[PDB]
Amino acid sequence: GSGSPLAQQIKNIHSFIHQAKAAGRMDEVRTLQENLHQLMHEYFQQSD
């Protein structure tokens, strides 16, 4: 649920994505998006 550390890890990846966009770091953003989505899918699949 939203009190999960995993949920906060996802928020942290979003922050890193934003910070990378702010420098134009498009290669890293695209990779981090995949990582973001992988953790989201774990979060929304695994019971909590």
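- Per the deposition metadata, X-ray crystallography was the technique used to determine this entry, at a resolution of 0.98 Å.

Overview of the environment of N12
Thought 1: Topologically, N12 is positioned in helix α1 (residues 5-21).
Thought 2: Between the C-alpha atoms of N12 and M26, which are 14 residues apart in sequence, the distance is 18 Å.

Some thoughts on the packing of aromatic side chains
Thought 1: Applying the stated criterion to the full structure yields 1 aromatic pair.
Thought 2: A ring pair is formed by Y43 and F44, whose centres lie 4.8 Å apart and whose planes are at 75°; its orientation type is edge-to-face.
Thought 3: Overall, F44 belongs to the exposed group, its relative accessible area being 63%.

Section: the side chain of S4
Thought 1: Along the chain, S4 turns up in the segment before α1.
Thought 2: According to the relative accessible area criterion, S4 is buried, its value standing at 12%.
Thought 3: When neighbours within four sequence positions are excluded, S4 is seen to be in contact with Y43 and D48.

Let's talk about the nonpolar core
Thought 1: Core analysis: the largest hydrophobic core is formed by 9 residues, namely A7, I10, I13, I17, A20, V29, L32, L36 and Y43.
Thought 2: Only α1 and α2 (26-45) provide two or more residues apiece to this core.
Thought 3: Considering each element in turn, this core owes the most residues, 5 residues, to α1.
Thought 4: Setting aside residues no more than four positions away along its own chain, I17 makes contact with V29, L32, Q33 and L36.

Let's talk about α2
Thought 1: For α2, spanning 20 residues, the distance from its first C-alpha to its last is 28 Å, which sits close to the expected 28 Å at 1.5 Å a residue.
Thought 2: Buried within α2 are the following residues: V29, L32, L36 and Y43. An end-on view of α2 places all buried positions within 70° of arc, on one side of the element. The exposed residues of α2 that point more than 90 degrees off its buried face are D27, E34, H41 and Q45.
Thought 3: Tucked into the core, α2 has its buried residues touching α1.

So, how was this worked out
- Residues numbered from 1 in each chain as written, not as in the entry; some residues may be left out.
- Heavy atoms only, no water.
- Helix = DSSP H or I, 4+ residues; strand = E, 2+ residues; numbered from the N terminus.
- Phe/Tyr/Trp six-rings, centres within 6.5 Å; stacked < 30°, edge-to-face > 60°.
- Buried < 20%, exposed > 50% of the residue type's maximum accessible area, 1.4 Å probe, protein only.
- Contact = heavy atoms within 4.5 Å.
- Core = buried A, V, L, I, M, F, W, Y, C linked by side-chain atoms within 4.5 Å.
- Expected span 1.5 Å × (residues − 1).
- Arc of directions from axis to C-beta.

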